[PDB]
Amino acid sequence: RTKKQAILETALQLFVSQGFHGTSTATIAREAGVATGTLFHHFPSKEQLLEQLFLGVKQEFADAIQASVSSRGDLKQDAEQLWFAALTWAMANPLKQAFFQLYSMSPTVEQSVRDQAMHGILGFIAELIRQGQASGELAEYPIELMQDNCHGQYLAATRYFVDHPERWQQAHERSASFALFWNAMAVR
């Protein structure tokens, strides 16, 4: 409805179907129904538009998975709720999920912007790992390697369930996905 929102929504569609460098600002503006001048006012470069979109979608994801969890104090239970809320979000938002698969861990997004998403927007993930390490449930590996690992396993499980959508309906497949996630981190 808003000019800025039409640009962001149109950019999301095009960056997924045609890529970042495969998409021109003229195409974005036209498909959004705005003058090229209006696009550059809100976003001075195509790079800034991608960065704002990236952080925006990351914030939506973080907000959805945290709002789905009401803790009872058990870390493994909360980790399970967060994992299945993340995977549910991925199946419910196929365009935004395809955007993560393409840009979340790619050399395309500036490392500093990927850092803001990792330690800022998803800062609570490292806090849960720290709590699990302190309680003796999680192994003591470098925190940043463990968060990248959570991120890689999420992308692997969502690739799997998008490729085999019938398996997302099978509890044995879902349980196996959490087991791979938890057992990578758990103390041995």
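Residues carry their position along the shown sequence, with the first being 1.
- Once the C-alpha B-factors are averaged per stretch, 28 to 36 and 119 to 127 rank with 28 to 36 first.
- Annotation for 57 to 65 versus 37 to 45: the higher mean temperature factor (C-alpha) is found in 37 to 45.
- Out of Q101, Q81, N93, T108, it is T108 whose C-alpha atom has the highest B-factor in the PDB entry.
- Ranked by C-alpha B-factor against the other modelled residues of its chain, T23 falls in the highest third.
- For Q77, the recorded CA temperature factor ranks within the middle third of the chain's modelled residues.
- In this PDB entry, the Cα temperature factor of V187 sits in the middle third of its chain's modelled residues.
- For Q169, the recorded CA B-factor ranks within the middle third of the chain. Only modelled residues enter the ranking.
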